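*Asks:* experimental structure and its sequence below.
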Amino acid sequence: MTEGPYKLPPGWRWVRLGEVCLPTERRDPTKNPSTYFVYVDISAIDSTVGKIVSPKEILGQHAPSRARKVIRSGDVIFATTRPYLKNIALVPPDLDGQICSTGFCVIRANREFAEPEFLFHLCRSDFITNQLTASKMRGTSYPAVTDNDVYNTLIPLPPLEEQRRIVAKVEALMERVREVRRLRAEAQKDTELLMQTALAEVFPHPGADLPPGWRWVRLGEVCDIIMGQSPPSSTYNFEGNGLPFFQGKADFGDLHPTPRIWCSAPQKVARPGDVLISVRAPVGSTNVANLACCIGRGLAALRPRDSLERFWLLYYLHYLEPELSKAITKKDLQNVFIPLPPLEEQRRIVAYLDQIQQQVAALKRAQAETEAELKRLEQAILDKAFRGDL
């Protein structure tokens, strides 16, 4: 209504960006051929945080044709090409009187109405991007975004004092985001070390001391071992005839293999529970069977006897992966020594390792890629800022 795009706190007002900007000028550095100037092009900007980080000092003689807009301390420069990339930055004082590409719209705050830092953060918002119509679907001969298009966008305008307060809150919030990323990185490192340390303790070299009552056994003693075989070609089908067939490591998923092809003549069978292990090319890699299935040349299946927990075996094989990864013969597998606690202690220790393993996995995923996390979290902060909610 009278409220504009959305309702602002008391005392704020809606204006076009241009209404709080000043005129800007151009200069041809080639007119002082022996004079160095500093040039800010698109490549000079880190779009993730909106900072001029790599401008180039250039001899006037060699000024690029786009090098014509004079920038001043506190200007915001806003690329009119691909605006969604956020090549948008605040000009520091060291760059006063230097030059940026004509590809930037130069937004110079009229300090009677707007703080440069407030304009900078405002201009990084999707709220501005989303107003630039020439960025949306284009028909024949539609012009690209112009400087006037940018100056014409609507912006919420608090009093100067509140602008400065909002700038401080936005910058502090963004710094906390960085702090958390660093912390996560540290946790990832320490948690991985924890897992590695825990496995090394419970899985000592054969013959090493084990708590009384544990025994060193050969896997063959507490595990049925089945070497996979290639059935006759022509017994494979996709009609669900027989059992899913897994040739080798390639046919393994994150934890369990997913059925792709069947074999009507199941030769070597693995059941739910059994651990699958690659005995071929990438030796030692592991999965667990979740369905009755059959295995080929590339796999062995290990079926724990009653004195051995599936997951104790799995952790051990994973811990041994570097050794196992130098084919693998039945006798090899049967001859592997494993320390064997009573079932209750295997389960107690597996519960502990499971907690760490889940934490390592979570920490791995919780670290989002940098450019995306920073740009989209920035946007969520700006949305709060420009509604008056900070």
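*Replies:* That came through fine. Residues are numbered from 1 along each chain as shown.
*Asks:* check contacts around residue 311.
*Replies:* 346, 350, 354 (CB atoms under 8 Å, 6 or more residues apart in numbering). From N, CA and C alone the C-beta is placed, and that goes for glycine too.
*Asks:* show me where the stretch 51-200 of the chain has helices.
*Replies:* 116-123, 126-129, 147-151, 160-202 (DSSP state H, counting those that start in this stretch).
*Asks:* so which elements touch the shortest one?
*Replies:* If contacts are counted by 3 or more CB pairs under 8 Å, 6 or more residues apart in numbering; DSSP states H and E, helix 126-129 sits against helix 370-385.
*Asks:* ok, now with 10 Å
*Replies:* In terms of contacts (3 or more CB pairs under 10 Å, 6 or more residues apart in numbering; DSSP states H and E), helix 126-129 is packed against strand 154-157, helix 370-385.
*Asks:* what's the answer for the longest one, then?
*Replies:* Helix 160-202 is packed against helix 116-123, helix 310-319, helix 343-366, helix 370-385, with contacts defined by 3+ CB pairs under 10 Å, 6+ apart.
*Asks:* deepest-packed of the helices of the stretch 51-200 of the chain, please.
*Replies:* The highest mean neighbour count among those, using mean count of other CB atoms under 10 Å, belongs to helix 116-123: a mean of 24.
*Asks:* check contacts around residue 354.
*Replies:* If you count contacts by CB atoms under 10 Å, 6 or more residues apart in numbering, residue 354 has them with 311, 315.
*Asks:* actually residue 101, not the one I wrote
*Replies:* Per CB under 10 Å, 6+ apart, neighbours of residue 101: 39-44, 64-69, 77, 79-81, 87.
*Asks:* now with 7 Å?
*Replies:* Counting by CB atoms under 7 Å, 6 or more residues apart in numbering, residue 101 touches 40-42, 66-67.
*Asks:* residue 277 now?
*Replies:* Neighbouring residues of residue 277 by CB under 7 Å, 6+ apart: 284, 286, 299-300, 302, 317.
*Asks:* residue 251 contacts residue 257, correct?
*Replies:* Yes: using CB atoms under 7 Å, residue 251 is in contact with residue 257, at 5.2 Å.
*Asks:* now for residue 369, how many residues are close by?
*Replies:* Using other CB atoms under 10 Å, residue 369 is surrounded by 7 other residues.
*Asks:* gap between residue 345 and residue 239?
*Replies:* Counting by CB to CB, to the nearest Å, the gap from residue 345 to residue 239 is 46 Å.
*Asks:* ok, those two, which is more surrounded?
*Replies:* Using other CB under 10 Å, the more surrounded residue of residue 345 and residue 239 is residue 345, with 16 against 7.
*Asks:* can I get stretch 372-383 as CSV, trimmed to CA atoms?
*Replies:* What follows is stretch 372-383, C-alpha atoms only, in CSV (Å, rounded to 0.1, in the frame of the first residue of the first chain):
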residue,chain,number,x,y,z
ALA,A,372,28.1,-21.6,-0.8
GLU,A,373,28.0,-21.6,3.0
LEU,A,374,29.3,-18.1,3.2
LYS,A,375,27.1,-16.6,0.4
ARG,A,376,23.8,-18.1,1.5
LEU,A,377,24.4,-17.6,5.3
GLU,A,378,25.3,-14.0,4.4
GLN,A,379,21.9,-13.7,2.7
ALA,A,380,20.0,-15.1,5.7
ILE,A,381,21.7,-12.4,7.9
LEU,A,382,21.0,-9.6,5.5
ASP,A,383,17.3,-10.6,5.3
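*Asks:* ok, and what's touching that stretch?
*Replies:* Residues contacting stretch 372-383 (CB under 7 Å, 6+ apart): 48-49, 86, 121, 124-126, 170, 173-174, 177.
*Asks:* sorry, back to before: neighbour-wise, which one of the contacts of residue 277 leads?
*Replies:* The residue in those with the most neighbours, by other CB under 10 Å, is residue 299 (30 neighbours).
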